[PDB]
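Residue numbers (the authors' numbering): 6 to 380. We treat Cβ as the ideally placed atom computed from N, Cα and C, and that holds for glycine.
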Ligand SMILES: OC[C@H]1O[C@H](O)[C@H](O)[C@@H](O)[C@H]1O
Ligand SMILES: OC[C@H]1O[C@H](O)[C@H](O)[C@@H](O)[C@H]1O
């Protein structure tokens, strides 16, 4: 069926977002440079009705120096979204990754994490939480009328099932998460939706840890409207059953669910990638299409619990997964894709992955036909 369909140009193909109207919006992560790209722009206007900044709205991009906010790139994304009636998601207000280090220096300029005096630690905590509020207030007040969905905190639970021990936690403990949400609500109003975003939300012990955390926060009156599931998944993992169990679990707490950074990798973990996009055989696109078919069939079934599904990219010509696309080589210098085969060396991030339902040349892939139809 969808496997025999023609690989027509995606630029004029049936609109993806329209196919899912009344079920959930369809979004894409974007980089400013793409807004100056003829085809990326066409793709956005054509298939998507929700947009998120892939990188220009993260903490270090907004306030790399205390008191100096750089909204130039962010403004460009928001402006484009408004001009095209697209919903907007804010790519995290708090995150341990690439966090501006100045946040964690005490009044004297010393690393807060080194402080041992409980009273000085309390003082440092107040300073950090104050900075956190200023950061959130400035951003939220600037975009509250345009950006409705917000990833207030990102990846705050470790993969070991424990709260991520980042400087935020080491210094302020669990309170940095409570303050982030409360600050967002206070300065953003009751109309914006606040989310806790993370990856591997379907995997234990992370899933239950995440569950308990949000359950306790809500019990304490902390304003959190939903969970963001990054969904950096593979062809057969996590299973649809676990994804469904995960979605229902959180919806049961009265939380909204949004697939925030969806991409269906062609590989496992650790990934053994193909060296180039052309090296990827049709067979791989067929297994991927079958997965996408099951995936969006499950999402529709749960449409009452999912308000948005965003892809972490537009088309296969641009995806952060290439940075993870390690190419393995045997002793004879030949590529090794078989995950169980022996190898000699590894060329990290030199390969290519193909995530999406749209190829590098902006043509629809089998995966597209699989989620565009009603079968
Ligand atoms: O953060 C990246 C990785 O995290 C976990 O190890 C996942 O199992 C793996 O698939 C990948 O998502
Ligand atoms: O969303 C997850 C992903 O986002 C960006 O692509 C970053 O560069 C990656 O390191 C990872 O944090």
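- In the three-state reduction of the DSSP assignment, residue 13 falls in the coil class.
- The alpha helix (DSSP H) runs lying completely inside the segment 194 to 271 and spanning 4 residues or more are 211 to 224 and 245 to 256, given in chain order.
- Residue 211 is classed as buried because its beta carbon has at least 16 other beta carbons within 10 Å across all chains shown.
- Closer than 8 angstroms to some heavy atom of ligand 2: that describes the Cβ of residue 317.
- Less than 9 angstroms separates the beta-carbon of residue 377 from that of residue 21.
- 25 is the residue among 196, 25 and 18 whose C-alpha sits nearest the C-alpha of residue 312.
- The residues 67, 68 and 143, in chain order, have a CB closer than 7 angstroms to that of residue 74 in the same chain once the five nearest residues on each side in sequence are set aside.
- For residue 159, the uninterrupted beta strand (DSSP E) segment begins and ends at 154 to 159.
- The beta carbon of residue 206 is closer than 7 angstroms to those of 212, 215, 232, 234 and 251 in its chain, skipping five residues each way along the sequence.
- Scanning its chain for C-beta atoms nearer than 8 angstroms, with the 5 sequence neighbours on each side dropped, one finds around residue 110 the residues 116 and 117, in chain order.
- The secondary-structure analysis by DSSP pairs residue 313 across a beta bridge with 30 and 263.
- For residue 352, DSSP records a beta bridge to 332.
- With distances taken between CA atoms, residue 141 lies nearest to 187 out of 177, 41, 187 and 119.
- By the neighbour-count definition (other C-beta atoms within 10 Å, threshold 16), residue 263 is a buried residue.
- For residue 92, the uninterrupted beta strand (DSSP E) segment begins and ends at 92 to 95.
- Under DSSP, residue 279 takes part in a beta bridge, and its partners are 357.
- Just measuring C-alpha positions, the residue of 182, 14 and 297 sitting nearest residue 242 is 297.
- In the structure shown, residue 53 adopts coil according to DSSP, grouped into three states.
- Residue 323 has its Cβ no nearer than 8 angstroms to any heavy atom of ligand 2.
- In chain order, the residues that have a beta carbon nearer than 6 angstroms to some heavy atom of ligand 1 are 204, 205, 237 and 274.
- A direct Cα-to-Cα measurement between residue 131 and residue 112 gives close to 11 angstroms.
- Boundaries of the alpha helix (DSSP H) around residue 22: 21 to 24.
- Distances between the C-beta of residue 59 and the heavy atoms of ligand 2 include at least one below 8 angstroms.
- When the five nearest sequence neighbours on each side are left out, the beta carbons in the same chain lying within less than 8 angstroms of the beta carbon of residue 37 are those of 61, 78, 81 and 82, in order along the chain.
- Residue 343 counts as exposed, since fewer than 16 other C-beta atoms from the protein chains shown sit within 10 angstroms of its C-beta.
- Here residue 124 carries a helix assignment [DSSP, helix/strand/coil].
- Its chain contains 22, 30 and 91 as the residues whose beta carbon lies nearer than 6 angstroms to that of residue 54, once the 5 sequence neighbours on both sides are disregarded; these appear in chain order.
- In this structure, the beta-carbon distance from residue 361 to residue 316 falls below 9 angstroms.
- Taking 8 angstroms as the cut-off, one finds at least one heavy atom of ligand 2 near enough to the beta carbon of residue 266.
- Look at the beta carbons and you see the segment 169 to 183 touching the segment 95 to 104: at least three pairs across the two are nearer than 8 angstroms.
- Residue 330 counts as buried, since no fewer than 16 other beta carbons sit within 10 angstroms of its beta carbon.
- Not a single heavy atom of ligand 2 lies less than 8 angstroms from the C-beta of residue 263.
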